[PDB]
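Read through the structure below, which is laid out as structure tokens, and then see the notes.
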Amino acid sequence: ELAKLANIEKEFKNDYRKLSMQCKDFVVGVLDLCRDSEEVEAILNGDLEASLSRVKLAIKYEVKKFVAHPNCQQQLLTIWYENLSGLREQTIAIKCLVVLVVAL
Amino acid sequence: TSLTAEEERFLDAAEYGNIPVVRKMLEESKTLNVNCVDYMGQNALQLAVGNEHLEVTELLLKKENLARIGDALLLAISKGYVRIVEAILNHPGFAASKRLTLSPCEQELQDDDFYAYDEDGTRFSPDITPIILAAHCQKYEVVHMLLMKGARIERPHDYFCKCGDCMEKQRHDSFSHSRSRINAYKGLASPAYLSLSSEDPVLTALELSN
């Protein structure tokens with residue numbers, strides 16, 4: 001809402017953009033404090049009672065530091081390799097062998 | 001407001017540092033539980049150590065049953081206090097066990113309230129031992145006291161050791177394991193630990209940087 005009023009006012013341009021930074025830094029400062037994996041998997045998707053709903057909603061609003069934080073990146077990486085799990089730390093030669101085998 | 005009036009007359013005299021008003025109520029020895037809950041859920045020792053009252057702390061440890069001497073210890077190492085830490089380590093029930101060495105989560109089955117703060121969770125992360133917390137805050141006097149008692153940080157294993165203990169902690173909660181490794185290396189890579197833990201420290205600093 002603040003980031004859309006910034007494009008409609010254009011004279012109080014810097015003030016709404018100064019308030020949107022507080023609205024983003026609150027979320028990043030909450031994200032920092034989580035310790036167990038249950039707290040991370042309670043923040044990144046909402047109340048259930050995958051499906052990464054808050055992350056897919058933070059793409060639309062472009063909150064870059066909420067997605068570029070390590071506590072979200074490790075949760076995305078454990079989905080990006082969700083059955084391979086030994087290729088997660090290998091050389092680029094082993095990765096090129098994979099794409100050559102699949103392309104063949 | 002579950003507490004009685006003797007509870008308030010005890011708690012406020014503890015949190016203000018009245019040596020006679022607390023000495024008289026422990027000497028009266030009538031209708032008083034040393035455990036209590038005030039506001040957030042303060043203890044006797046948690047209140048008495050949060051502002052540096054050594055004379056009260058020498059008296060509260062005279063009784064046998066205090067259930068929260070672990071969070072007074074972490075709160076005292078988190079601050080600069082040294083003589084309070086000497087008093088807490090001088091306690092007999094704390095000393096004659098592997099309590100220095102064990103993490104609160106890995107300390108036992110851990111149903112006791114020994115490292116417990118309030119009711120929700122331990123003050124800090126459950127992986128943090130006292131010697132690691134001393135090395136984070138860089139208190140050179142506390143590290144020497146804890147190293148004389150016999151607590152040394154254990155080096156974490158290699159990235160893919162594949163030992164039974166490492167796999168079991170990896171199959172459940174990968175994230176807390178990866179966080180605990182960084183807490184251990186933040187403990188080891190500090191000038192407090194490096195200077196007072198081993199002989200020839202410049203070589204182990206050059207080696208740990210690798």
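Numbering starts fresh at 1 for the residues of each chain in the structure tokens, the chains themselves are lettered A, B, ... in the order given, and ligands are numbered from 1 as they appear.
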
Would you mind listing, for every residue of chain A within 7 Å of chain B, the two atoms forming the shortest contact and the distance between them in Å to one decimal, using only C-alpha atoms, sorted by chain and ascending residue number, as JSON lines?
```
{"residue": "A:35", "atom": "CA", "partner": "B:176", "partner_atom": "CA", "distance": 6.7}
{"residue": "A:36", "atom": "CA", "partner": "B:176", "partner_atom": "CA", "distance": 5.7}
{"residue": "A:37", "atom": "CA", "partner": "B:175", "partner_atom": "CA", "distance": 5.8}
```

Would you mind listing what lies within 12 Å of residue 45 in chain A as a PyMOL selection string, with only C-alpha atoms counted and same-chain residues fewer than 2 positions away left out? chain A and resi 38-43+47-58+72+75

Surrounding residues of range 82-88 of chain A excluding itself and chain neighbours under 6 positions, 12 Å, only C-alpha atoms, as a VMD selection string: (chain A and resid 50 74 to 76 94 to 98) or (chain B and resid 160)

Atoms to include: N, CA, C and O atoms. Write the selected residues as a PDB file, in the first residue's frame.
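Output below, filename out-v7.pdb:
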```pdb
ATOM      1  N   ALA A  50       5.909 -28.054   1.524  1.00  0.00           N
ATOM      2  CA  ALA A  50       5.780 -27.179   0.366  1.00  0.00           C
ATOM      3  C   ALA A  50       4.693 -26.142   0.604  1.00  0.00           C
ATOM      4  O   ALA A  50       4.404 -25.817   1.758  1.00  0.00           O
ATOM      5  N   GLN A  74      18.373 -21.904   2.651  1.00  0.00           N
ATOM      6  CA  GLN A  74      18.616 -23.313   2.947  1.00  0.00           C
ATOM      7  C   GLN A  74      17.330 -24.128   2.845  1.00  0.00           C
ATOM      8  O   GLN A  74      17.352 -25.288   2.411  1.00  0.00           O
ATOM      9  N   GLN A  75      16.188 -23.511   3.157  1.00  0.00           N
ATOM     10  CA  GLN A  75      14.914 -24.208   3.023  1.00  0.00           C
ATOM     11  C   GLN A  75      14.539 -24.384   1.559  1.00  0.00           C
ATOM     12  O   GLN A  75      13.913 -25.381   1.185  1.00  0.00           O
ATOM     13  N   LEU A  76      14.930 -23.431   0.708  1.00  0.00           N
ATOM     14  CA  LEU A  76      14.697 -23.606  -0.722  1.00  0.00           C
ATOM     15  C   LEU A  76      15.666 -24.614  -1.331  1.00  0.00           C
ATOM     16  O   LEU A  76      15.296 -25.362  -2.245  1.00  0.00           O
ATOM     17  N   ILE A  94      31.356 -32.961 -12.456  1.00  0.00           N
ATOM     18  CA  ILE A  94      30.319 -33.955 -12.205  1.00  0.00           C
ATOM     19  C   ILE A  94      28.956 -33.427 -12.630  1.00  0.00           C
ATOM     20  O   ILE A  94      28.087 -34.192 -13.061  1.00  0.00           O
ATOM     21  N   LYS A  95      28.750 -32.111 -12.531  1.00  0.00           N
ATOM     22  CA  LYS A  95      27.491 -31.526 -12.981  1.00  0.00           C
ATOM     23  C   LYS A  95      27.404 -31.499 -14.501  1.00  0.00           C
ATOM     24  O   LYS A  95      26.314 -31.624 -15.070  1.00  0.00           O
ATOM     25  N   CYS A  96      28.542 -31.329 -15.177  1.00  0.00           N
ATOM     26  CA  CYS A  96      28.537 -31.326 -16.637  1.00  0.00           C
ATOM     27  C   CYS A  96      28.363 -32.735 -17.184  1.00  0.00           C
ATOM     28  O   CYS A  96      27.756 -32.928 -18.247  1.00  0.00           O
ATOM     29  N   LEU A  97      28.887 -33.732 -16.465  1.00  0.00           N
ATOM     30  CA  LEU A  97      28.634 -35.125 -16.827  1.00  0.00           C
ATOM     31  C   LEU A  97      27.148 -35.454 -16.755  1.00  0.00           C
ATOM     32  O   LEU A  97      26.625 -36.175 -17.614  1.00  0.00           O
ATOM     33  N   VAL A  98      26.444 -34.891 -15.765  1.00  0.00           N
ATOM     34  CA  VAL A  98      25.009 -35.126 -15.614  1.00  0.00           C
ATOM     35  C   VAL A  98      24.235 -34.545 -16.790  1.00  0.00           C
ATOM     36  O   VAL A  98      23.383 -35.224 -17.382  1.00  0.00           O
TER      37      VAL A  98
ATOM     38  N   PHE B 160      31.565 -34.157   6.209  1.00  0.00           N
ATOM     39  CA  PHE B 160      30.928 -35.454   5.873  1.00  0.00           C
ATOM     40  C   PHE B 160      31.694 -36.571   6.583  1.00  0.00           C
ATOM     41  O   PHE B 160      32.315 -37.409   5.907  1.00  0.00           O
TER      42      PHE B 160
END
```

Which residues, written as a PyMOL selection string, have at least one atom at most 10 Å from residue 137 in chain B, with only C-alpha atoms counted and residues fewer than 2 positions away on the same chain left out? chain B and resi 77-80+132-135+139-140+187+190+192

Got a sec: who's within 6 Å of range 96-113 of chain B, counting only C-alpha atoms, leaving out chain neighbours fewer than 5 positions off, as an NGL selection string? :B and (126-127 or 129 or 151)

Could you dump the residues just selected with C-alpha atoms as a tab-separated table (two decimals), in the first residue's frame?
```
chain	number	residue	atom	x	y	z
B	126	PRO	CA	20.01	-24.89	23.40
B	127	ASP	CA	23.42	-25.75	21.92
B	129	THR	CA	27.44	-24.27	26.71
B	151	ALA	CA	35.68	-27.37	30.43
```

Step one, run DSSP on the backbone; step two, keep only residues of chain A assigned to alpha helix (DSSP H); then write them as an MDAnalysis selection string. chainID A and resid 2:9 13:32 37:43 53:60 64:67 70:80 92:103

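Taking CA of residue 84 in chain B and CA of residue 54 in chain B as endpoints, the distance between them is 6.2 Å.
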
Using only C-alpha atoms for the distances, tell me which of B:85, B:3, B:203, B:196 is nearest to residue 138 in chain B.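 Ranked by minimum distance to residue 138 in chain B, first place goes to B:196.
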
Pick out the residues sitting within 10 Å of residue 55 in chain B, and hand them over as a ChimeraX atom specification; count only C-alpha atoms, and ignore anything fewer than 4 positions along from it in its own chain. /B:17-19,48,59-60,84

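Here CA of residue 91 in chain B and CA of residue 52 in chain B stand 17.8 Å from one another.
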
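Rounded to one decimal, CA of residue 24 in chain B and CA of residue 72 in chain B lie 23.3 Å from each other.
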